[PDB]
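Single-structure report; data block below.
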Amino acid sequence: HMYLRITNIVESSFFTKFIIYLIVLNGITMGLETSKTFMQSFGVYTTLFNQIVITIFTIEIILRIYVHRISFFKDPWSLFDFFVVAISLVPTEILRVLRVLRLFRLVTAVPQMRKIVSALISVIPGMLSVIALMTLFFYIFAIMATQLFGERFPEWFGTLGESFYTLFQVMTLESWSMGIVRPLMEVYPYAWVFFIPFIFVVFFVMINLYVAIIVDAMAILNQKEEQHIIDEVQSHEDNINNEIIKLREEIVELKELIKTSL
Amino acid sequence: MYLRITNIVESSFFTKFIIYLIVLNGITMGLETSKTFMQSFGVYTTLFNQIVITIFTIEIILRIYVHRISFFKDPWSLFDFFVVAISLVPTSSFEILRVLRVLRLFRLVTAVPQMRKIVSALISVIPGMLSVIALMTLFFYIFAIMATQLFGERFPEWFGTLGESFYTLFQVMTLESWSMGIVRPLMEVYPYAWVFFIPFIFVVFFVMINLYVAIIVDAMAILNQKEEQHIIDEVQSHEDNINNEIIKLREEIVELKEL
Amino acid sequence: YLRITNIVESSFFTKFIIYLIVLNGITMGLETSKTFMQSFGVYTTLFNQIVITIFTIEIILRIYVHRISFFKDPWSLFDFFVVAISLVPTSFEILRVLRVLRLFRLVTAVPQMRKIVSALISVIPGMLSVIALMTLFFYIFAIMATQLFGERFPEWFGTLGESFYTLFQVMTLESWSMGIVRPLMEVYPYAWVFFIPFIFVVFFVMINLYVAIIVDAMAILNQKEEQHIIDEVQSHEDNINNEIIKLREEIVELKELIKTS
Amino acid sequence: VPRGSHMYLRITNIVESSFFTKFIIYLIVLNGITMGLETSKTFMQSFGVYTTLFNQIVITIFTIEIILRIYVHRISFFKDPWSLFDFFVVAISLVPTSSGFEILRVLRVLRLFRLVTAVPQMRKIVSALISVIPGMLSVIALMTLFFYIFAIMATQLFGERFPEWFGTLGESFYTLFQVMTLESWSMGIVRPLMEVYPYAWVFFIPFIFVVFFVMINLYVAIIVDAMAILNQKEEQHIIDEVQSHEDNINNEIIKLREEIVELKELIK
Ligand SMILES: [Cl-]
């Protein structure tokens, strides 16, 4: 009974609008917390405000949980809001930084933003195949790079994780020649045979992956269209063919009678 | 009387003539670069500039009298208006005005409809993206704060300031020296700085790419709809035509049946 | 005259010329080696002087066969210009290098390759509009950059032509920040207000330019498809409409007859 | 030479069993982790001997497998690319460790791509990607020719004063690829070059434009040309229905137009 009373609140525009306002204010506050000048003067006023908004957010998420019960925790966006507000409550090192992640609540609380993100994410599940294939490709070349170049170049390829970092850098193309491969070729003149293929393969996959998405997305669109049009030509065909038997049966009716009279 | 000026203002001669001054004053702007040239042919120019700015003001004036309020409802006129004003404000103000005066070379886009169409075609995509543009700006702003309070003390040149983390994060997005120049340094002090900048790179590029994939595909969905509605509209017309005909021919037997 | 045409137009003639192109290509790549030229240099230079004659024999014949039609043809003109460059005496060496451009005759002489290039080039004329807009944009910002930064940074913006070069570099994004802008911000802390917009506009246009190509090319395909689909529905629309008349007139001519009887 | 004997059937039941394929895939994953631990100097000092045996084991089983698979599938094995790779890879692994080249010991980690061959999901992903290559070979060739031509020009123009970057044909090739990747093309190469040769930009700016034009436009075509094929496959389907529907009504009317002439014959 009272559940309905508060439910009208939690889901009211006032409730959501008010929260979105605090998110935006606390977002300005956290940018003002950057300034060493600012915190010296108005520091305390902020920290309490920080400690207030987090309280309200804890009130909010509690209500939202009581109103939505388990379906709250089946919701990605609620889960995020939940984690982000929890991390914020852990007592004041690195979490202190991650506390700026509650400004992403502005995405959660605004459906306009939810739609953008959901739209973007939609591609990822199909890609997991390729992502895995790529990670394997990296993992293999990371091992080769370490076994080939980690002896004479330990900072770049001394460790599996370091070859991984360096191979990602090569993929981004940042200083891959002047910075990395030209050095390596002073010692190992054929190092280009390892890193030019790595570039080609990696970039081929990236580009072609998205070519496929665009083309395959197009092919699905042409089918949704083809089925609509053909289904129409198929209804028009079922309509005349229904209206010809009425015309045909009359040459049977107007024959049977007109037959007897002759 | 009024028609005389308007018929003149909008003649091909008028616009072609203004376009002609735009181009000359444009070469002047490029010859004004050379110290050598200015030493010899310098003063000649300043008059030429001061001349064309007079003609342009006449032009802008006439155009306003002819179009009245319609002038200031037009973006391309306002730009021509704003720009030509810049040229008339006294040089020794605010030295930046002396520079922004070359923006009137963009008036070559205003006066040529070919160009006006190119730009308009290009702008057409912007309003759809503002959501994403906003999402990106927020994303930067949040990571700028993290980068500042993570790296600003030991690396104040790059992250000491919110506005500097913004500049540096944009650089990382452009991929320019993001590793050799910045992250590899940072990892000397903070070995786990890659956990912050590799995700940042992935997210940023994923959005940028997929945004344009969406444009291409969603632009296509509309094309397949506009087409689908043309084809189906024909099948629907082809039907009701036959329907009326069968109806008549079915009503025609009723006549013969009665008789 | 017909004898010459049968030769010039034969596969043997074109195939034989293509054979010299590929051969002349290997020697021209072997000319790179100081080792090679020391030993087999003279032998090569004779081959060079040989093939260039044969190509001139070829270019001559081809002109006699086609007359004006030859010089109205791009691919022939290329072979002509190219083979001429090779004939002008080596003496200002720059010509001696452009002589390697006759290896592009391998594209001229191979039709598959001629199709690839033509397919690629086919896009450009539409872009002439945008290229101009871009070139203007560069020219405008090149002027601004020169008179903003050339005083304190002559290497990068001291000259109009130099700001052009440096602004193209920014577009390629190579060292734009560490290399150029961060230095400039030492003197001009608001220099990012000039170079971040320049980056956005440039990349926005390039990307959107190709989005338009893909979608507008897409839209033409949807229209070429419509007419084809509509043209059949309308072929279906007219045949039926007649058969109703073959039925209509047959109903009338019968209904009228039944009336009499 | 089994052919179709009772024991050929014995091998076939093994090679094609779920256990056999699943077991091989399981070894691939373990030997894959093993090679990542072989990276660690600490680990090799302690558990080194354990590894080399396991490596020496998995290579044995994989050789057994490759053999069985050949007996079961005979020539179809060598007409299959994925089998050939499995074969090529495992042979590398069998070449003696300290051979003259001494690099195969590294190429031996390529057997981890075997995780792609044994997984049908992966085979399809790779096949989907490769499917584009043959169409491009024309363009790829056009590009290689372009590089080769510009590589020669770069050597003759800049190799004397700049032997590090263009002294050798193979070096101008490597530097021109770098320019294409846009890595330090200006600050690193062309700005230096212009200290000596101020018009060197006329050589490298076109090269950039042409190179990027082709690369981009190639993929534009793929998207569009692949598209027109989709529009053809579609319209035909629509035509074919609109074209059968035209065959149905046409007979329907004539089957009807003859029935009324059938009624006119009566009176006649
Ligand atoms: Cl019909």
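Each answer follows from the model by the rule given with it, or from the source it names; nothing here is a laboratory result. Backbone-built Cβ (ideal geometry, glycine too); neighbour counts: all protein chains shown.
Of note, B:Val213 does not satisfy the criterion of being more than 7 Å from every other protein chain (Cβ to nearest Cβ), among the aliphatic types (A, V, I, L, M) and more than 16 Å from the ligand (Cβ to nearest atom). Before we move on, is B:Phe106 out of contact with any helix residue (DSSP H, G or I) (no Cβ under 6 Å at 6 or more places or on another chain), surrounded by 13 or more Cβ atoms within 10 Å (Cβ to Cβ) and of a type in the set (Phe, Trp, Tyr)? Yes. The selection criterion, being within 16 Å of the ligand (Cβ to nearest atom) and either within 15 Å of A:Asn222 (Cβ to Cβ) or surrounded by fewer than 16 Cβ atoms within 10 Å (Cβ to Cβ) (or both), holds for B:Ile247. Scanning segment D:48-67 for residues that are surrounded by 15 or more Cβ atoms within 10 Å (Cβ to Cβ) and of a type outside the set (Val, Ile, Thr) returns D:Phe54, D:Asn55, D:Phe62, D:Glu65. Give segment A:222-231 a look and list any residue that's facing chain B (nearest Cβ under 7 Å) and surrounded by fewer than 19 Cβ atoms within 10 Å (Cβ to Cβ), or say none. A:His228 - this is the single residue of segment A:222-231 that is facing chain B (nearest Cβ under 7 Å) and surrounded by fewer than 19 Cβ atoms within 10 Å (Cβ to Cβ). Do you know which of the residues in segment C:217-244 that are in contact with an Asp or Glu (Cβ under 9 Å, 6 or more places away or on another chain) and acidic (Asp, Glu) is nearest to the ligand (Cβ to nearest atom)? That would be C:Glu237. Restricting C:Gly29, C:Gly25, C:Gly41 to residues that are more than 25 Å from D:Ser138 (Cα to Cα), part of a helix (DSSP H, G or I) and not polar (S, T, N, Q) narrows the list to C:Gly41. Consider A:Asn208 carefully, then state whether it is within 30 Å of B:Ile232 (Cα to Cα) and in the same structural domain as A:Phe141 (by CATH). Spelling it out, it is not the case that A:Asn208 is within 30 Å of B:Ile232 (Cα to Cα) and in the same structural domain as A:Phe141 (by CATH).
Test A:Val85 against the criterion of being surrounded by 12 or more Cβ atoms within 10 Å (Cβ to Cβ), within 14 Å of chain B (Cβ to nearest Cβ), out of contact with any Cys (no Cβ under 8 Å at 6 or more places or on another chain) and aliphatic (A, V, I, L, M), and give yes or no. Criteria not met by A:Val85. If you check B:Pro113, B:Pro90, B:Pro191, which single one turns out to be more than 30 Å from B:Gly26 (Cβ to Cβ) and surrounded by fewer than 18 Cβ atoms within 10 Å (Cβ to Cβ)? Result of the check over B:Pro113, B:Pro90, B:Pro191: B:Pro191. When the test is whether a residue is under 30 Å from D:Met122 (Cβ atoms), more than 16 Å from the ligand (Cβ to nearest atom) and either surrounded by fewer than 17 Cβ atoms within 10 Å (Cβ to Cβ) or more than 7 Å from every other protein chain (Cβ to nearest Cβ) (or both), A:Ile180 passes it.
Yes or no, residue by residue, for (1) under 16 Å from the mean Cα position of the chain (by Cα); (2) not small (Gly, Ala, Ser):
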site	(1), (2)
D:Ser98	no, no
D:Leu104	no, yes
D:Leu129	yes, yes
D:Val132	yes, yes
D:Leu142	no, yes
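Checking A:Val67, A:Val107, A:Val84 one by one, the residue that is under 17 Å from A:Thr29 (Cβ atoms), touching a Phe, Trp or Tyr at 6+ places or on another chain (Cβ under 9 Å) and β-branched (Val, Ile, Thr) is A:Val84 and no other. Could we say that D:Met153 is within 12 Å of chain A (Cβ to nearest Cβ) and of a type in the set (A, V, I, L, M) here? No: the conditions fail for D:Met153.
Taking the options A:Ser71, A:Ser118, name whichever one is over 27 Å from B:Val132 (Cα atoms), within 24 Å of the chain's Cα centre (by Cα), surrounded by fewer than 14 Cβ atoms within 10 Å (Cβ to Cβ) and of a type outside the set (D, E, K, R). Walk me through how you get there before you give the answer.
Working: A:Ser118 fails: over 27 Å from B:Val132 (Cα atoms).
So the residue among A:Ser71, A:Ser118 that is over 27 Å from B:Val132 (Cα atoms), within 24 Å of the chain's Cα centre (by Cα), surrounded by fewer than 14 Cβ atoms within 10 Å (Cβ to Cβ) and of a type outside the set (D, E, K, R) is A:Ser71.
Look at segment C:218-232: where a residue is farther than 22 Å from B:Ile215 by Cα, no partner that is basic (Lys, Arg) sits 6+ places away or on another chain with Cβ atoms under 6 Å.
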